[PDB]
């Protein structure tokens, strides 16, 4: 059984925890409790391979972000999450990518760009803009909703498929 260590990063409130909990526990967390550092483990079959996902759900609030770098350092692949109704969270992605490069000491780290909250209509980040950012990084862009489950499995399983290309 193969183990994949995935790390979910991005600004406070973008839905990192809700995405992870939807994937692992199959329900939507409606309330907002800021995360420090939480981990989840689940055995799943992905493309015919039985494997063990260890998912680290990290803090996006600056106040709660103590030692986040020590956690990010352990990851094999990163979901870089912004919310499509939060322009600042999209602009912040650059800084999370720089932190990832820093903690892995590599310019070649498996990553997927995720635009979450796609069930909401106050979109300020258009798909094409995010596609362009992801293209500049050489990674896929996927839209998700932790509320409806749209794209959730695809985002996480795509990250595993990116780690496998590394």
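Positions refer to the first chain, counted from 1.
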* Structure fact -> Between 49-57 and 100-108, the record assigns the higher mean Cα B factor to 100-108
* **62-70 versus 113-121 - greater average Cα B-factor per the deposited record** => 62-70
* Asked: Taking the values straight from the PDB record, which of 139, 130, 36, 29 has the highest C-alpha temperature factor?
  -> 36
* To do: Using the B-factor values recorded in the entry, state whether the Cα atom of residue 8 falls in the lowest, middle or highest third among the modelled residues of its chain.
  => lowest
